[PDB]
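Following: one structure in structure tokens, then a few remarks.
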Amino acid sequence: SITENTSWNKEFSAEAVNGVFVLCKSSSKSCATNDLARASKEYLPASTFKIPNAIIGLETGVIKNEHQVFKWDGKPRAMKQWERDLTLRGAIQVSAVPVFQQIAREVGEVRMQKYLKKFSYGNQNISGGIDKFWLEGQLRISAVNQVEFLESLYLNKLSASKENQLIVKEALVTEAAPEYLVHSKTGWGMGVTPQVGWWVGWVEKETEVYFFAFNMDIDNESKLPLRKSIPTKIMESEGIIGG
Amino acid sequence: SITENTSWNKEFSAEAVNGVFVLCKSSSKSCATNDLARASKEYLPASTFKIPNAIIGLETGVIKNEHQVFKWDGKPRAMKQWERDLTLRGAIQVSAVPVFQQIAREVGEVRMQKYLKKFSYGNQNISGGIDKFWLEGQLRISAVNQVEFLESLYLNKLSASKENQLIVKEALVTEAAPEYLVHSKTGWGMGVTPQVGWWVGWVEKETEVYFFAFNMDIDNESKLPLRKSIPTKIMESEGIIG
Ligand SMILES: *C(=O)[C@@H]([C@@H]1N=C(C(=O)O)[C@@H](S[C@@H]2CN[C@H](C(=O)N(C)C)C2)[C@@H]1C)[C@@H](C)O
Ligand SMILES: *C(=O)[C@@H]([C@@H]1N=C(C(=O)O)[C@@H](S[C@@H]2CN[C@H](C(=O)N(C)C)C2)[C@@H]1C)[C@@H](C)O
């Protein structure tokens, strides 16, 4: 149920990219990858962890509803993009880590641990501090596991209410056309070596659905756009993205 | 306390059309329009009815859940874009009336009437045949009432499950950026005279929300793009777009 698509490393060679793409039609029982070994290798989730963190935040009541506004207290934040009040969708889409760090502290270790067990989320290792484990701690997850987790979310089959799964799904829409709809989330983990870049999500086109996860080593910061463009080119070539 | 902004009319006269835009910031208690009278006048909803129809289809269980596929039976349809299997978002986004006429049939008049009452939807008149009333029947709704209805949907305050309100909201997304999200639906009602063009929806911009509803008299298909361009120009003047 996972096959190595040699037809794909051609897209990684031009930019000298060490990375993996996993692409599954309908279910995680029909996947292909450019690299079987790397597909199952676990990497720091970085900002992709905002997807389970948001679901857990809602399930525990730490996050009130999709209308909650996370107010900026005026204190300097690492990125200018974070120095403003944010909705839940805004916090996710601009990757506002201080909002999610506060959410993780309020969830707490015991509940965080349990929910990552219920979600089968990577190595389920939350060592390194309740507000740091997905940034520079021990949590690790593979591209295959990402696509299993997102398929569950799409189907409302995670161990969470359908309502809370639906709230997080709308928060992840990144491209909307009358032809197709994309839900997705990037990551850049600078707290590990090599640094890791992610783009994960799913595409609904016509009456089909494709789940994907991409990660790569980030050799330098100017390579960051490849985390979306390489998988985008692959999916465009297969007809998955595009009208 | 809806306010009249007469300067907005320049956008209609620039394009030789008659119509109304209603725009509200935060809630339906802070609204402005170019034409106070027309803002409250009721017009056939046409394809904008797919919003309540979708919600009612899910509430009644006619639509199983968000992943329902509406299979095309091979019989010819009025638009080639409807001759295919469609998801709920697909059917809404291409305005596939045959899908919604089958939903309305299965819902039935008694349940359709009950929900339009709960939703305070226009004159709630579903005379005209169960699969025709919003296309050539007696149903009529104003721009103000569309904004009130969509405000209730945004807030999950319609008389339907939160889940089903969320499902239809995702089906209505038409533009997405990290801090800017648009949910919207067009309409063209040619089963009435004059014909009516609509665009209704709401914009979530940073932490603010703006609800809107636009309609205009349509001679024919050629003026349909104005349903988006006139609202876009007014909302730009209000600082919402850029
Ligand atoms: C997540 O993995 C980490 C964050 N992801 C980043 C990235 O993808 O560049 C940055 S935050 C960045 C601020 N400008 C961007 C934006 O506003 N949009 C793309 C909408 C995102 C950061 C390193 C971290 C939070 O773990
Ligand atoms: C609804 O008001 C009516 C429909 N609205 C139409 C319109 O706005 O032109 C047409 S269907 C139209 C065909 N192409 C459009 C589209 O976005 N795609 C093909 C992607 C949809 C129709 C008269 C009616 C169904 O009530």
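Scheme for the structure tokens: letters A, B, ... for chains in order shown; per-chain residue numbers from 1; ligand numbers from 1 in order shown.
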
message: Need the shell around stretch 149-152 of chain A: protein/DNA/RNA residues with any atom at most 8 Å away, counting only C-alpha atoms. Skip same-chain ones fewer than 4 positions apart. Format as a PyMOL selection string?
response: chain A and resi 27-28+119-121+145+156-158+201-202+211

Write to file, as a CSV table (one decimal), in the first residue's frame, the residues of the selection just made, with C-alpha atoms.
chain,number,residue,atom,x,y,z
A,27,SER,CA,-7.0,6.7,1.7
A,28,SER,CA,-3.6,6.0,3.2
A,119,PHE,CA,-4.2,10.5,17.6
A,120,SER,CA,-1.3,8.0,17.1
A,121,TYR,CA,0.8,11.2,16.6
A,145,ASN,CA,2.1,9.4,9.8
A,156,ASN,CA,-13.8,13.3,11.2
A,157,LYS,CA,-12.4,10.0,12.5
A,158,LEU,CA,-10.0,11.5,15.1
A,201,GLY,CA,-2.4,18.7,3.7
A,202,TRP,CA,-5.0,17.5,1.3
A,211,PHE,CA,-3.7,13.5,1.1

message: Residues contacting ligand 2 - anything with an atom at most 9 Å away, using only C-alpha atoms and all ligand atoms - can you give me those as a ChimeraX atom specification?
response: /A:177-179 /B:45-50,78-82,90,92-98,100,134-135,185-191,196-198,221,224-225

- request: Residues of chain A near chain B: apply a cut-off of 8 Å, count only C-alpha atoms, and supply the list as a list in words.
  value: residues 69, 85, 86, 87, 89, 90, 93, 94, 162, 163, 166, 167, 170, 173, 174, 175, 176, 177, 178, 179, 206 and 207 of chain A

Dump N, CA and C atoms for the selected residues as a JSON list (two decimals), in the first residue's frame?
[["chain", "number", "residue", "atom", "x", "y", "z"],
["A", 69, "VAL", "N", -10.73, 35.32, 19.97],
["A", 69, "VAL", "CA", -9.65, 36.15, 19.48],
["A", 69, "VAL", "C", -8.51, 36.07, 20.47],
["A", 85, "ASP", "N", -3.77, 41.07, 17.20],
["A", 85, "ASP", "CA", -4.79, 40.13, 17.64],
["A", 85, "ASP", "C", -5.04, 39.17, 16.48],
["A", 86, "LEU", "N", -5.32, 37.89, 16.81],
["A", 86, "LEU", "CA", -5.44, 36.86, 15.77],
["A", 86, "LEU", "C", -6.67, 36.02, 16.09],
["A", 87, "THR", "N", -7.41, 35.63, 15.05],
["A", 87, "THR", "CA", -8.38, 34.57, 15.21],
["A", 87, "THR", "C", -7.68, 33.21, 15.27],
["A", 89, "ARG", "N", -8.00, 30.79, 13.07],
["A", 89, "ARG", "CA", -7.48, 30.57, 11.73],
["A", 89, "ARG", "C", -6.24, 31.41, 11.46],
["A", 90, "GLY", "N", -6.28, 32.71, 11.84],
["A", 90, "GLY", "CA", -5.13, 33.58, 11.64],
["A", 90, "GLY", "C", -3.89, 33.04, 12.37],
["A", 93, "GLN", "N", -2.56, 30.13, 10.41],
["A", 93, "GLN", "CA", -2.07, 30.40, 9.07],
["A", 93, "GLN", "C", -0.82, 31.28, 9.09],
["A", 94, "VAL", "N", -0.61, 32.08, 10.15],
["A", 94, "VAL", "CA", 0.64, 32.85, 10.25],
["A", 94, "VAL", "C", 1.65, 32.14, 11.16],
["A", 162, "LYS", "N", -16.93, 15.96, 16.00],
["A", 162, "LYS", "CA", -16.98, 16.32, 14.60],
["A", 162, "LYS", "C", -16.91, 17.84, 14.50],
["A", 163, "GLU", "N", -17.58, 18.55, 15.43],
["A", 163, "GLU", "CA", -17.57, 19.99, 15.40],
["A", 163, "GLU", "C", -16.14, 20.53, 15.47],
["A", 166, "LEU", "N", -14.28, 19.94, 12.36],
["A", 166, "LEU", "CA", -14.74, 20.87, 11.31],
["A", 166, "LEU", "C", -14.16, 22.28, 11.52],
["A", 167, "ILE", "N", -14.07, 22.74, 12.79],
["A", 167, "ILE", "CA", -13.52, 24.07, 13.01],
["A", 167, "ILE", "C", -12.07, 24.11, 12.50],
["A", 170, "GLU", "N", -11.77, 24.17, 8.58],
["A", 170, "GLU", "CA", -11.93, 25.45, 7.86],
["A", 170, "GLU", "C", -10.73, 26.36, 8.10],
["A", 173, "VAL", "N", -8.03, 25.84, 5.38],
["A", 173, "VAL", "CA", -8.15, 26.08, 3.93],
["A", 173, "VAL", "C", -7.13, 27.13, 3.50],
["A", 174, "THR", "N", -6.42, 26.84, 2.40],
["A", 174, "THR", "CA", -5.40, 27.76, 1.91],
["A", 174, "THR", "C", -5.60, 28.12, 0.44],
["A", 175, "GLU", "N", -6.41, 27.33, -0.27],
["A", 175, "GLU", "CA", -6.70, 27.68, -1.65],
["A", 175, "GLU", "C", -8.11, 27.22, -1.94],
["A", 176, "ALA", "N", -8.95, 28.12, -2.49],
["A", 176, "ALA", "CA", -10.33, 27.75, -2.76],
["A", 176, "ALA", "C", -10.63, 28.14, -4.20],
["A", 177, "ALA", "N", -10.96, 27.17, -5.01],
["A", 177, "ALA", "CA", -11.39, 27.48, -6.37],
["A", 177, "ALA", "C", -12.70, 26.77, -6.58],
["A", 178, "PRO", "N", -13.49, 27.08, -7.64],
["A", 178, "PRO", "CA", -14.67, 26.28, -7.86],
["A", 178, "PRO", "C", -14.21, 24.89, -8.30],
["A", 179, "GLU", "N", -12.99, 24.73, -8.85],
["A", 179, "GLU", "CA", -12.53, 23.40, -9.29],
["A", 179, "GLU", "C", -11.98, 22.51, -8.15],
["A", 206, "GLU", "N", -12.95, 17.58, -7.95],
["A", 206, "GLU", "CA", -14.06, 16.78, -8.48],
["A", 206, "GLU", "C", -14.63, 15.96, -7.34],
["A", 207, "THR", "N", -14.69, 14.65, -7.48],
["A", 207, "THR", "CA", -15.22, 13.92, -6.32],
["A", 207, "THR", "C", -14.13, 13.06, -5.68]]

field: Surroundings of ligand 1 up to 10 Å, based on only C-alpha atoms and all ligand atoms, as a PyMOL selection string
entry: (chain A and resi 44-50+78-82+90-101+132+134-136+174+185-191+196-199+221+224-225+227) or (chain B and resi 177-179)

message: With DSSP run on the backbone, what are the strand (DSSP E) residues within stretch 6-221 of chain B? I'd like them as JSON, numbers by chain.
response: {"B": [19, 20, 21, 22, 23, 24, 25, 31, 32, 33, 42, 43, 69, 70, 86, 87, 141, 142, 173, 174, 175, 176, 177, 180, 181, 182, 183, 184, 185, 186, 187, 188, 189, 195, 196, 197, 198, 199, 200, 201, 202, 203, 204, 205, 208, 209, 210, 211, 212, 213, 214, 215, 216, 217, 218]}

Keeping C-alpha atoms for every residue in the selection just given, could you write it to a file as an mmCIF file, in the first residue's frame?
data_model
loop_
_atom_site.group_PDB
_atom_site.id
_atom_site.type_symbol
_atom_site.label_atom_id
_atom_site.label_comp_id
_atom_site.auth_asym_id
_atom_site.auth_seq_id
_atom_site.Cartn_x
_atom_site.Cartn_y
_atom_site.Cartn_z
ATOM 1 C CA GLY B 19 -29.432 47.840 -7.648
ATOM 2 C CA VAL B 20 -28.547 47.832 -3.962
ATOM 3 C CA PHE B 21 -25.591 46.922 -1.795
ATOM 4 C CA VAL B 22 -25.923 46.394 1.948
ATOM 5 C CA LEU B 23 -22.704 46.205 3.997
ATOM 6 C CA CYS B 24 -22.447 45.683 7.790
ATOM 7 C CA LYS B 25 -19.363 45.710 9.996
ATOM 8 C CA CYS B 31 -25.036 48.645 8.246
ATOM 9 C CA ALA B 32 -24.930 51.032 5.278
ATOM 10 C CA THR B 33 -26.504 50.931 1.819
ATOM 11 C CA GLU B 42 -37.711 41.436 -1.434
ATOM 12 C CA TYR B 43 -36.440 39.650 -4.587
ATOM 13 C CA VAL B 69 -21.649 12.558 -3.631
ATOM 14 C CA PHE B 70 -24.556 13.604 -5.866
ATOM 15 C CA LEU B 86 -20.603 16.571 -7.640
ATOM 16 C CA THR B 87 -19.719 17.016 -4.019
ATOM 17 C CA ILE B 141 -36.018 37.916 0.327
ATOM 18 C CA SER B 142 -34.396 41.326 0.785
ATOM 19 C CA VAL B 173 -15.479 29.569 0.946
ATOM 20 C CA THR B 174 -14.475 31.395 -2.259
ATOM 21 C CA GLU B 175 -11.223 33.192 -1.323
ATOM 22 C CA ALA B 176 -8.645 32.261 1.317
ATOM 23 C CA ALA B 177 -5.556 34.056 2.542
ATOM 24 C CA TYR B 180 -8.607 37.114 4.887
ATOM 25 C CA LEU B 181 -11.404 34.673 4.174
ATOM 26 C CA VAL B 182 -14.449 35.138 1.975
ATOM 27 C CA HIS B 183 -17.642 33.062 2.008
ATOM 28 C CA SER B 184 -19.987 34.011 -0.842
ATOM 29 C CA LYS B 185 -22.706 32.867 -3.239
ATOM 30 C CA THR B 186 -23.943 34.314 -6.526
ATOM 31 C CA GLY B 187 -27.404 34.217 -8.001
ATOM 32 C CA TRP B 188 -29.170 34.950 -11.293
ATOM 33 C CA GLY B 189 -32.968 34.683 -11.232
ATOM 34 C CA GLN B 195 -34.369 39.322 -13.827
ATOM 35 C CA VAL B 196 -32.333 39.569 -10.595
ATOM 36 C CA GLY B 197 -28.580 39.196 -10.027
ATOM 37 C CA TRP B 198 -27.210 38.552 -6.531
ATOM 38 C CA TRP B 199 -23.981 38.260 -4.648
ATOM 39 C CA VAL B 200 -24.195 37.653 -0.904
ATOM 40 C CA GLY B 201 -21.623 36.642 1.682
ATOM 41 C CA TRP B 202 -19.226 37.841 4.345
ATOM 42 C CA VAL B 203 -15.554 38.714 4.707
ATOM 43 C CA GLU B 204 -13.416 37.763 7.697
ATOM 44 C CA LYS B 205 -10.493 40.214 7.617
ATOM 45 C CA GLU B 208 -13.173 41.884 11.947
ATOM 46 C CA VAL B 209 -16.142 40.585 9.971
ATOM 47 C CA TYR B 210 -18.172 42.315 7.283
ATOM 48 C CA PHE B 211 -21.476 40.948 5.987
ATOM 49 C CA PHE B 212 -22.796 41.907 2.580
ATOM 50 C CA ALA B 213 -25.622 41.441 0.126
ATOM 51 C CA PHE B 214 -25.905 42.873 -3.378
ATOM 52 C CA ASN B 215 -28.689 42.622 -5.935
ATOM 53 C CA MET B 216 -29.412 44.343 -9.240
ATOM 54 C CA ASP B 217 -31.810 44.199 -12.174
ATOM 55 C CA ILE B 218 -30.264 42.003 -14.961
#

message: I need the residues of stretch 151-212 of chain A that end up classed as alpha helix (DSSP H) by DSSP on the backbone, written out as a ChimeraX atom specification.
response: /A:151-154,162-171

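Minimum atom-to-atom distances from A:215, A:53, A:7, A:125 to residue A:21 were compared using only C-alpha atoms, and the lowest value belongs to A:215.
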
task: Please indicate the distance in Å from atom CA of residue A:109 to atom CA of residue A:138, rounded to one decimal place.
output: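 If I compute the distance from atom CA of residue A:109 to atom CA of residue A:138, I get 13.9 Å.
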
- prompt: Between atom CA of residue B:113 and atom CA of residue B:60, what is the distance, to one decimal in Å?
  reply: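 Between atom CA of residue B:113 and atom CA of residue B:60 the gap works out to 12.6 Å.
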
Which residue of B:28, B:65, B:159, B:101 approaches residue B:116 most closely, using only C-alpha atoms: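 Among B:28, B:65, B:159, B:101, it is B:159 that comes nearest to residue B:116.
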
message: Using only C-alpha atoms, can you tell me which of B:193, B:53, B:120, B:145 comes closest to residue B:168?
response: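 Using only C-alpha atoms, residue B:168 sits closest to B:53.
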
- prompt: Hey, can you check how far atom CA of residue A:42 sits from atom CA of residue A:128?
  reply: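 Separating atom CA of residue A:42 from atom CA of residue A:128 is a distance of 16.7 Å.
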
- prompt: Out of A:164, A:129, A:243, A:2, which residue has the shortest atom-to-atom distance to residue A:181 when counting only C-alpha atoms?
  reply: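 Counting only C-alpha atoms, the residue closest to residue A:181 is A:243.
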
Would you kindly return, as a PDB file with C-alpha atoms, in the first residue's frame, each protein, DNA or RNA residue with an atom no farther than 9 Å from any atom of residue A:103, considering only C-alpha atoms and excluding same-chain residues fewer than 5 positions away?
ATOM      1  CA  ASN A  53      -2.559  21.418  19.128  1.00  0.00           C
ATOM      2  CA  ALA A  54      -5.621  23.328  17.832  1.00  0.00           C
ATOM      3  CA  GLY A  57      -7.077  23.046  22.564  1.00  0.00           C
ATOM      4  CA  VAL A  62      -8.728  25.634  26.383  1.00  0.00           C
ATOM      5  CA  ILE A  63      -9.812  27.189  23.091  1.00  0.00           C
ATOM      6  CA  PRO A  98       3.356  32.277  21.185  1.00  0.00           C
ATOM      7  CA  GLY A 108      -0.805  20.571  30.137  1.00  0.00           C
ATOM      8  CA  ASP A 131       5.703  24.677  25.375  1.00  0.00           C
TER       9      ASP A 131
END
